[PDB]
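Beneath this line is the structure, given in C-alpha cells, with notes to follow.
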Amino acid sequence: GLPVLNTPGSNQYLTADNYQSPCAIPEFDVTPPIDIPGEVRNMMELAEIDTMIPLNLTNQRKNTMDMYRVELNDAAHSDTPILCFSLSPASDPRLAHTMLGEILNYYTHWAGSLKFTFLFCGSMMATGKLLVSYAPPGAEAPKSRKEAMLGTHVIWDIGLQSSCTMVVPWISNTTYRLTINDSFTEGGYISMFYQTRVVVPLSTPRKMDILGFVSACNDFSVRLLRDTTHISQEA
Amino acid sequence: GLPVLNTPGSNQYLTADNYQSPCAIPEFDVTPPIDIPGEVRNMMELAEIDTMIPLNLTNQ
Amino acid sequence: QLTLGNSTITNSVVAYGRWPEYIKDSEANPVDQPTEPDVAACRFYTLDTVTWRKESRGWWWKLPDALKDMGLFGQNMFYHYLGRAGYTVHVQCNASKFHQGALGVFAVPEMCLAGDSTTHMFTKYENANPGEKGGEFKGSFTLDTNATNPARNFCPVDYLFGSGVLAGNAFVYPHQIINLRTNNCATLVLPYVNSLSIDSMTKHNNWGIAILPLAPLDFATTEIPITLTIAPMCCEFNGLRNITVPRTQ
Amino acid sequence: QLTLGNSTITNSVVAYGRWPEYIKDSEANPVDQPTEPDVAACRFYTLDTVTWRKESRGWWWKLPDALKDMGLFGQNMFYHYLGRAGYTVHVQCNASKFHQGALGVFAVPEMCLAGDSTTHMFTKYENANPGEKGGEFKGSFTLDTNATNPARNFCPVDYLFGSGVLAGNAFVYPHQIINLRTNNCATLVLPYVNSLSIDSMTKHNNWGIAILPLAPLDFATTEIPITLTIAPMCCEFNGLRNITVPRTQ
Amino acid sequence: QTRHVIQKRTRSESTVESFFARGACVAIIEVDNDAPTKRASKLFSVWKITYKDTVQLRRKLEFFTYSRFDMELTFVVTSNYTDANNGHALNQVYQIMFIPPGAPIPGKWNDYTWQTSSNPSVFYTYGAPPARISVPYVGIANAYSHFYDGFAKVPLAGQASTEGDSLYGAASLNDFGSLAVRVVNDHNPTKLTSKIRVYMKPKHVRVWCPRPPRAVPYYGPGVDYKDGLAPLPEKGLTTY
Amino acid sequence: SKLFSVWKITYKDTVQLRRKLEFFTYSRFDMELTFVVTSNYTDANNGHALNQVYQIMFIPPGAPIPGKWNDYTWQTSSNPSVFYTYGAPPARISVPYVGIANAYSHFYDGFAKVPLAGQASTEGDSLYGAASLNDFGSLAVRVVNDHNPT
Ligand SMILES: CCCCCCCCCCCCC/C=C/[C@H](O)[C@H](N)CO
Ligand SMILES: CCCCCCCCCCCCC/C=C/[C@H](O)[C@H](N)CO
C-alpha cells in the first residue's frame, strides 16, 4: 500500500471537527426546500432585534411582568437616578436574559455598539424631559445627574417622542469584552435621571411606566462559541 | 479504501514534529495585529545587543 | 384604508417582510385543483370584543382556529382536507388622551402553549382550539390536581409567554405595540408560515396571536374594549369531501 | 534644543526606532471622537528631584503614573476611561570633571516589579502607583513578615532589576548611559508600547523608568541631584465621564 | 461625536452553521453483554431518535421554529467489567442498527431482525475511534418542525372520549425511527456493561422564524413547565 | 478518587516554556495542544479494566464548570471536546490566536481594578499584574467509562 504515517490526533473524536463520513442512507431523494418566511443566516440577526429589559428586578417584581416596567411619577425634580445598570450585556442580570444576553451567553467574546431604546407609556397629556447617560468605566458610577451628564448622554422629551434611542458606542481598551462579569473588560454604566420632571394636568394618572429595550448594532460581533449557564439538566 | 501501509514512526508523538491538526475553534474571527514597536524575528537579534558582563565574581 | 372583499378598515407590520402569496407551481404538493374562494372568504371578520382592565394579564387566539366559524371561510376550512391562508390582523383599542397603557401584539408561528398538568402534552383538542373567544394568560402557574376529571387545558403564564420563555423576548416575533398615548390600532400582515406548502387547518394552527399588557391600563378615576378584526388572505383549499365536524366541549 | 508646547530643553535614544505616533484609523478600537489636548498636555513636566549618593541603589518611576498629577495631562488622564501617550524622558545629572560615576537609564515596557511578601502579586494599588516620587531599588530582598498589617509594597532588588532578572541584561531594554566624565543628560523617546491601541491609564502603566548606578558616585572629598523631565507625546484620550478619584495611601 | 474606524471584525463564528457546528450528546444508550438468563442485563437497547432527551442542543435548536440540515452521528462506546471474580472478556463488537419507522423492532438480542438486510447497521469494534455516519435531510416536510401547534388527529362529533384523542404538539413530522444497539459477541463468564453515547451535529443548517430561548427548565417533549419558574434574580432598580 | 479534574489553561505551571516565552513582553501565535495520556492500575486484587475513553472538554470563560463527573455539562453541545481512546496516539488540536487584545501580554504592569476614594479596603483590591488578558478558560478531564471493580 501507499506508505503512510499516522500523526498525533489520529483516532480522536473532536466534537468541533469537520470531516467527511459515510452516508447511512445513500441515494435518498431529499424533500426540496420551500421559501419559508423569516429565514435566519446569523445569530447576530437575533441579537439586533430589540427585546424588553427586565429593568425592575425587585423582590416583589422579579419573575413577573412588573419587572419590565419602571415607574415614573410627577413629583418635584431631583437629581437621583430613575434606574441604573452596568454595561455587561451577558452577565448583568437585567441584560443577561434579554435576547441579546441569551445569544451572548453562548459566546465568550463580544464587541460592538448597543442600542438602548426607552418607551414612555404614560398618558398623552404627560410631559417631561429625561436624561439617559452612558458613563465609560474607571470612575465612580454616576450617583446623580451632575456626574451622569459628564458622560455620553441624550435628552429625551417624552412629550415630543414616546420613544428615545441611545446608542452606547463601542469604547473598550480590549478589542473584545468577556461575556462574564470582569473588571478588566467592564463596560461602564447606564443611568436615567429626570431632566426637568414629569408634568401632568389634572384628571391624569400621576404615575406611569417606561419600558426598556436593548439590541445590538450592525457593528456587533461575538466569538468563541461556548455552552451557556442558562440551561441545565438534573439527573 | 485506498491501499495504505503504515510505516515505522506511525502513532508516535515527536515534540519537534510539524503536522496539521484539527482546529478546536473553527471560524474564529482572530483579532488582527497592530504595529507594536520592537518586534523580534530572530533570537540572534537579542544576542547582538550589548549586555553588561559580571566580570568580578568574587565572594564579596 | 385597507379593503378586502366587501370589508373595509380605516403602525403596520409585514411579518418577516413577506406578503402573503399563493402556492407557486414549483412548491405545490397536492395535485388536485385548489379552491380559491377569494373575496367570499378573504375578508375581514370581527371577533368578539374582549375587555382590557387594570388586572388583565393578556389574551391569545389561534389562527385559523379563531376564524373556524366565520362564514364561508369556516365552511371552506371544514369542507377541505387541506387549507392555506395568510392573515391581516387588526387590533383596535382606543382610549382618551387621559388614559395610559400599552399592549404588545405578537404574531407567533407555531404558538405552542404549556399545559396545566404533570402529564406532558395533555391539553385536549377542545381546549387547544377555543375558537373566536380565544384564551387568556395567567399571572402564575396553577397545576391541575384533579385526577378524576382533569381540566386538560393550557396554563399560559404571561411573563413566560405561555411557553416557558421570557415575555420580554417575545419581540423577536413579528409584533406591534399599541401605546395608548400614540396609537389606537395595530396591523400585522402574516404570510402563511409552515414547514409545508399547505396543511390541515383543523389539525394545525399556523399562527398564534398574543396580546399582553406591557404597561397596565390606568385612568385618573376603568376598562376599555379590544377588538380583533382578521382577514384571511391568499386562501387556498384542497381535498374536498364531506364536512368535518370537530368534537366540541 | 527640544521644544514641546510651551516647554523647551537645551545621547538621544528612540526606543525600538519608533517615534511616538497617533492611532491610525486602521488600528482604532474605540469609536468615540478622541480628545487630543496637544500642547496643553503634551509638554515637559519636571518631577521632584532625587539625590544620588554613594549609597544610592537606584530609582524607579511608572508612566503614566508619574505624571498623574501634572496639570492638564493629569486632568485628561483622570477624566477619560482610555488614554494613550508616548513620552520624552530627559534625565538631568551634572557634576564636575572631578566627579565620577555612571547611571543606566532604562525604559522598560510593562515594568512589573517583585513584591515583598510570600503572597503572590500582593502589592496594592497605592504602592504600585507612587506618582512622581517614584520608588527606589534595594540592595537585598527583605521579606515582609508583618501578618496583621502587611506593607504590600514592592521589594525591587537592584541586581535582579527588581523583577528577578540580572541587571546586566537590562540593556536589552531601550536605555542610555549617563557617564559623568562624558555626558550630563539622557534623552529617551518612548513610543506607546502595549498589546492594545489604547488602554486605561489609571489601571495600566505602559512604561517603567529605572535608573541604576552602574558605577557608584565618587568625589575626591558627596551627593548630586538627578532631575527627570518627562513630556507626554501624541496624547489621545477616549471615554469622557466624571473624574476618576483613585484611593490613596 | 465618533471617529473613523476601519472595522475588521466579522460574524463568521455566529453564522447558523457555526452556531450548530458541534457534536452534542443526545443520548446515552446502556447495553449489557451477559448470559441471557440473568434477567437483569439488557442484552439490547432501543432508543427512539430525538434531540429532546438532553437540553443543550434542544435549547439551541429551539432558538428557531423550523430547521433543515443534514445530520452527523458520532457514537462513543465505553465499557467496563461489573465484577472481578468471573474471568475476563475478549474485545466486544457492537451492532447499532437504524430501524426506520415501520421496520420490525428487535424483540431479542439475537432475533432475525439483526440480519439488517435493509436497515443500515454500523458494526463498531471496541477501542476503535468512535463510529460515525451521516444522514441527509430526511424530513417528510420541507423542514423539520421544532414546534407543532396542532394535533395528529381531529376528534369528530359522535366519537367517544377515547377516540380522536392525540397528544398536543405531537406529529409524525419528527418520527425518525430508532436505534437498536446490541453486543454481537456471545457472553463471557463475567458480565460487561457498555454505554453508547450518541452525539449529533447538524450540518448545512438553515433555520426559520427565530423564537425566544427556553428560560425555565424543560419538562417533557413539549413546551410544558412545572418547576424553576423564577429564573430572574433579585437586583435593585438603581443598583449598578 | 477525583473522577474529573479542571485545569485552568496557562503556561505558568511549568518553567521551561514560561522562561522562553518571557524572553519577550508581547507574543502572538496559534497554539497546538498535544495530550499524552497514561494510565495504571492502583491495586492487583480487584480484577481488570476495559480500555478507557477520556473526555477533554474546553470550557471557555463563562461556560458552566462541571460539578460532577457525569453532570449535564459534559454534553458539550457548544464546548469543544476531544474524546481520546487509550492506546491511541496522543490527541492533538490547534487553536488560532484567541487573545482579546492584539497580542498576548506576558507582563501586565497594572491592575484589573482601580480602587476609588471612599471605597472600603476590601473593595477595589485586585492582584498586581492580573488581567483578563490571559483568561483562556479551562480544560475539564474525565474518564467516560463507568468504573471497573478496580
Ligand atoms: C447504521 C445505522 C445508524 C445510523 C443511521 C441513523 C439514522 C438517523 C436517521 C434519522 C434522522 C434524524 C435527524 C434529526 C432529528 C431531529 O429531531 C430533527 N432534525 C429536529 O430538527
Ligand atoms: C477539544 C477541547 C480542548 C482543545 C481546546 C483547547 C482550548 C485552548 C484555548 C485557549 C488558548 C490558550 C493559548 C495560550 C495561552 C497562553 O497563556 C498565551 N498564549 C501566553 O502568551
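So you know, we letter chains A, B, ... as the sequences are listed, proteins then strands, and number each from 1. No hydrogens, no waters, no symmetry mates; every other heavy atom, side chains included, goes into these values. For ligands, and for the atoms within them, numbers begin at 1 and follow the listed sequence.
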Atom CZ of F:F23 with >12 non-hydrogen neighbours under 6.0 angstrom: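 No, not enclosed.
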Does the pair E:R206/A:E39 count as a salt bridge with the N-to-O cut at 4.0 Å?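 Salt bridge: yes.
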Ion pair present between F:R92 and F:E32, side-chain N to carboxylate O less than 4.0 angstrom?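 Looking at F:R92 and F:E32, the cut-off is met.
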Specify the protein heavy atom at minimum distance from [atom]: its residue, its atom name, and the distance to 0.1 Å.
{"atom": "atom 4 (C) of ligand 2", "result": "F:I93 CD1, 3.2 Å"}
{"atom": "atom 14 (C) of ligand 1", "result": "E:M71 SD, 3.6 Å"}
{"atom": "atom 6 (C) of ligand 1", "result": "E:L73 CD1, 3.6 Å"}
{"atom": "atom 20 (C) of ligand 2", "result": "F:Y11 CE2, 3.2 Å"}
{"atom": "atom 9 (C) of ligand 1", "result": "E:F98 CZ, 3.7 Å"}

Part of [X] within contact of ligand 1 (heavy atoms, under 4.0 Å):
{"X": "E:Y144", "result": "side chain"}
{"X": "E:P100", "result": "neither"}
{"X": "E:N174", "result": "neither"}

Numbered atoms and elements of ligand 2 in range of [X], under 4.0 angstrom, heavy atoms:
{"X": "A:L14", "answer": "1 (C)"}
{"X": "F:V98", "answer": "11 (C)"}
{"X": "F:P80", "answer": "1 (C), 2 (C)"}
{"X": "F:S81", "answer": "1 (C)"}

Check: [X] ring centroid to [Y] ring centroid under 6.0 Å:
{"X": "E:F64", "Y": "E:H146", "value": "no"}
{"X": "E:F75", "Y": "A:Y13", "value": "no"}
{"X": "E:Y144", "Y": "E:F176", "value": "yes"}

Compute the shortest N/O to N/O distance between F:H106 and ligand 2 and return yes if it is under 3.5 Å, no if not.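 Checking ligand 2 against F:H106, an N or O pair does fall under 3.5 Å apart.
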Report yes or no: does [X] have a heavy atom closer than 4.0 Å to ligand 2?
{"X": "F:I56", "value": "yes"}
{"X": "F:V95", "value": "yes"}
{"X": "F:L21", "value": "no"}

Identify the two heavy atoms, one from A:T185 and one from A:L178, that lie closest to each other, and give their separation to 0.1 Å.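 Heavy atoms only, the tightest pair is OG1-N, 3.5 Å.
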Can you see which heavy atom on F:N134 is nearest to which on F:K12, and at what distance?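 Heavy atoms of F:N134 and F:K12 come nearest at ND2-NZ, 4.4 Å.
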Is the closest side-chain heavy-atom distance between E:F20 and E:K60 below 4.5 Å?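 Touching, per the 4.5 Å side-chain cut-off.
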Return yes or no for this condition: an N or O of E:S67 is under 3.5 Å from an N or O of ligand 1.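 Indeed, backbone or side chain, E:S67 has an N or O that close.
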Whether F:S81 side chain and F:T76 backbone form a donor-acceptor pair below 3.5 Å: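 Such a contact is absent between F:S81 side chain and F:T76 backbone.
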Do side-chain atoms of E:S45 reach the backbone of E:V181 as a donor and acceptor pair under 3.5 angstrom?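 Not at all, since once roles are kept as given, no pair shorter than 3.5 Å links the two residues.
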With the threshold set at under 4.0 angstrom, would you say E:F69 reaches ligand 1 through any of its heavy atoms?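 It does; at least one heavy atom falls under 4.0 Å.
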Which is closest to atom 10 (C) of ligand 2 by heavy-atom distance: F:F136, F:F83, F:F35?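 Closest candidate by heavy-atom distance is F:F136.
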After noting the C-alpha distance and the side-chain angles of E:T78 and E:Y126, does the key distance pass the side-chain hydrogen bond (donor to acceptor under 3.5 Å, both in side chains) rule? CA-CA 8 Å; E:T78 53; E:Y126 193 78; 5.9 Å; no
